[PDB]
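Novice: Structure for this input, please:
(7 chains, ligands or ions: 8)
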Amino acid sequence: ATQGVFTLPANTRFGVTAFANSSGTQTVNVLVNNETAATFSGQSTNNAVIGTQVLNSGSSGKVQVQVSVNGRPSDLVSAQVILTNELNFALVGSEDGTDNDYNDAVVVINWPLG
Amino acid sequence: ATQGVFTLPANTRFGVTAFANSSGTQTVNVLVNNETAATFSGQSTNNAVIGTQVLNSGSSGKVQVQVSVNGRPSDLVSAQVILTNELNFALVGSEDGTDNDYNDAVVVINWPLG
Amino acid sequence: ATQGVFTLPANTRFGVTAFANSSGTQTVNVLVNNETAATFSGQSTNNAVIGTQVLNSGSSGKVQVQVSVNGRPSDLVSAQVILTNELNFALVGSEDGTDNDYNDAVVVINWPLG
Amino acid sequence: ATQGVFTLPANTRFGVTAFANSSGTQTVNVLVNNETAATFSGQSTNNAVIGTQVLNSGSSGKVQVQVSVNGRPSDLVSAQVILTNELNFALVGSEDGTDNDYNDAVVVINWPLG
Amino acid sequence: XXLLXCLXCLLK
Amino acid sequence: XXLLXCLXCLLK
Amino acid sequence: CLXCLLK
Ligand SMILES: [Ca+2]
Ligand SMILES: [Ca+2]
Ligand SMILES: [Ca+2]
Ligand SMILES: [Ca+2]
Ligand SMILES: [Ca+2]
Ligand SMILES: [Ca+2]
Ligand SMILES: [Ca+2]
Ligand SMILES: [Ca+2]
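Specialist: Residues are numbered from 1 along each chain as shown, chains lettered A, B, ... in the order given. Ligands and ions are numbered 1, 2, ... in the order given. Below is the structure in question.
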């Protein structure tokens, strides 16, 4: 199944934050209405924030996370969880290799903000 | 029910990161083995990262997140989510006021690292 | 924080199912648009389904789960989870006593159907 | 990434329950320690429970859900969610066709029991 | 179900 | 953040 | 692994 695609409420500001746990330099692309809205890129094996940004979900509300290392797409896993019917997390993990720890880039999307 | 308390695998390194969405200054305390291991502080209404750190879950693995604003404890919501039986997220929302958006301090714990 | 309250897409069919793990007889009430729409009841310490029913989320989409034992409201915990941006679970646990296993009545709401 | 595989605490009783939302007859197999422990089958487009059982996670704790329709394996999505650090759900959705509603067989695994 | 299981069922 | 933000920011 | 041994 498709992973890393979330339907947000339309026109809503949301946070996106990326952490790195890999020898490879991670590139995180955040797409909004099928166009690249943000791109983070960094390297760490110790969970460093390689990017954080507040974006707008746009008229469609559709947000997609894509991860790649040296042009190779990472395998994604994802889910969305909602706490007390209000606080939303969209969670992405990614594996750029063979050890299958799926933390090589970790992406957290949260809303609402403010 | 108790919220903000997670049993991690023992002696395991994890990432802990806090975001703020509130006019009030947020204080986020992370206890390991019932003792403070990190304290984050900051103010933002734009989802700013007010703290990020790697800690060790210790011999018990018990990790507790506490949130307060000018000394007033916030109401907490929390849950743990596991993706592909490997990638863990412990998630906390907090409410310091009356509007109940539960994003005033948002805390994300993730593991494994590396 | 409020638990057991979920905002489904309006006018949508959903399933609600309840399991029992307690010596006390569980009473699960499902409210739609703040009016009782289904009530399950039963006792089991072996996870017996005490009820399962298809309901319509109504014009508001507001679904509430309430659990009591012998007139006494159980403490509730809940979350919502979405898989591949389509499949929804609203999850409820409840505690009627002091051992805090929070399984005394377990309620699973899923959608879409069909 | 692998889906439908969960590491439970070893030698623990857990409930597993399957729902059907498809014109195709669902076959749900539940493996413990890579051996089939339970098999559910039924057809419904209205979320009928086609199986519920209590199983033991065994010495490894490894529980796998497999879904097929007339022998054709279904595409799986899955995650595990933990409430108040105690109540565990392992969730499976499956898709047997082209509409991608991933509700054709829905499987819920919950623990602890009793 | 043993002493406890009886008390349980009995009292509730 | 406007008259709203300023009050909030001031008082807290 | 030698590739990894260089990490
Ligand atoms: Ca990896
Ligand atoms: Ca890694
Ligand atoms: Ca608030
Ligand atoms: Ca807020
Ligand atoms: Ca109990
Ligand atoms: Ca119980
Ligand atoms: Ca389908
Ligand atoms: Ca279907």
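Novice: ok, now which ones touch residue A:68?
Specialist: A:27, A:29, A:74 (CB atoms under 8 Å, 6 or more residues apart in numbering or on different chains). The way it works is simple: take the backbone N, C-alpha and C, and place the C-beta from them, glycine included.
Novice: what is the orientation angle of the helix or strand encompassing the second one with strand B:13-32?
Specialist: So the one you mean is residue A:29. Taking DSSP states H and E as the criterion, residue A:29 maps to strand A:13-32. Counting by axes from the mean of the first three to the mean of the last three CA atoms, to 10 degrees, strand A:13-32 lies at 170 degrees to strand B:13-32.
Novice: quick check, strand A:13-32 touching ligand 2?
Specialist: Yes - using CB under 5 Å from the ion, we find that strand A:13-32 touches ligand 2 at A:21, A:22.
Novice: For stretch A:2-18, C-alpha coordinates in CSV please.
Specialist: Written as CSV, here are the backbone C-alpha positions of stretch A:2-18 (Å, rounded to 0.1, in the frame of the first residue of the first chain):
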residue,chain,number,x,y,z
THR,A,2,0.9,3.7,-0.4
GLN,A,3,2.8,5.2,2.5
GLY,A,4,3.7,8.8,3.4
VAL,A,5,0.6,10.4,2.0
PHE,A,6,-1.7,12.2,4.4
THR,A,7,-5.0,14.1,3.8
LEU,A,8,-4.9,17.1,6.1
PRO,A,9,-7.8,19.5,6.6
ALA,A,10,-7.4,22.0,3.8
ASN,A,11,-5.6,25.3,4.1
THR,A,12,-4.2,24.4,7.5
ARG,A,13,-0.8,25.2,8.9
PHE,A,14,1.2,22.1,10.1
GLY,A,15,4.7,21.4,11.2
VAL,A,16,7.1,19.0,9.5
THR,A,17,10.3,17.9,11.2
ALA,A,18,12.9,15.4,10.0
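Novice: Pull up the gap between the closest residue to chain A within chain E and residue C:72, please.
Specialist: Scanning chain E for proximity to chain A using CB to the nearest CB identifies residue E:12 as nearest, at 30.3 Å. Relative to residue C:72, residue E:12 is positioned 11 Å away (CB to CB, to the nearest Å).
Novice: Just want to know which of those two has more residues nearby.
Specialist: residue E:12 (14 against 10; other CB atoms under 10 Å in any protein chain shown).
Novice: how about the more buried one, what does it touch?
Specialist: Applying CB under 8 Å, 6+ apart, we find residue E:12 in contact with C:23, C:24, C:25, C:70.
Novice: what about the longest strand along chain A and chain B, touching?
Specialist: Secondary structure of chain A per DSSP state E: the longest strand is strand A:35-56. Yes - using CB under 8 Å from any CB of the partner chain as the criterion, contacts between strand A:35-56 and chain B involve A:45, A:46, A:47, A:49, A:52, A:54.
Novice: Same list (those) but as TSV, adding distance to residue B:5 and neighbour count.
Specialist: Below are those laid out as TSV (distance: CB to CB, whole Å; neighbours: other CB atoms under 10 Å in any protein chain shown):
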residue	distance to residue B:5	neighbour count
A:45	28	15
A:46	25	12
A:47	21	24
A:49	25	17
A:52	26	19
A:54	30	16
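Novice: Which of those residues sits closest to ligand 2?
Specialist: Closest to ligand 2 out of the residues of strand A:35-56 next to chain B is residue A:45 (7.1 Å), distances taken as CB to the ion.
Novice: So what sits opposite residue A:75 in the bridge?
Specialist: Under the criterion DSSP bridges, residue A:75 forms beta bridges with residue A:95.
Novice: Show the backbone phi and psi for the closest residue to residue A:97 other than its chain neighbours.
Specialist: Closest residue in space to residue A:97, ignoring its immediate chain neighbours: residue A:104 at 6.9 Å, by CB to CB, 6 or more residues apart in numbering or on different chains. Per-residue torsions, residue A:104: phi -60, psi -40 (degrees, to the nearest 10).
Novice: Would you verify that residue A:58 is located in a helix?
Specialist: No - counting by DSSP: H, G, I helix; E, B strand; the rest coil, residue A:58 is not part of a helix but coil.
Novice: burial of it, as a residue count?
Specialist: Other residues within reach of residue A:58, judged by other CB under 10 Å, total 18.
Novice: distance of the closest residue to residue A:57 other than its chain neighbours from residue A:31?
Specialist: In space, and not counting its chain neighbours, residue A:57 is closest to residue A:8: 3.8 Å by CB to CB, 6+ apart. Look at residue A:8 and residue A:31: by CB to CB, they are 12 Å apart.
Novice: a markdown table for the residues of strand A:35-56 next to chain B, including distance to residue D:60?
Specialist: Formatted as a markdown table, the residues of strand A:35-56 next to chain B follow (distance: CB to CB, whole Å):
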| residue | distance to residue D:60 |
| --- | --- |
| A:45 | 30 |
| A:46 | 31 |
| A:47 | 29 |
| A:49 | 36 |
| A:52 | 39 |
| A:54 | 44 |
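Novice: how about the helices of chain E, start to end?
Specialist: For chain E, the helices defined by DSSP state H cover E:2-11.
Novice: How is the single nearest residue of chain A relative to ligand 3 classified with respect to secondary structure?
Specialist: Ranked by CB to the ion, the top residue of chain A for proximity to ligand 3 is residue A:114, at 9.0 Å. Secondary structure assignment for residue A:114 (three-state DSSP): coil.
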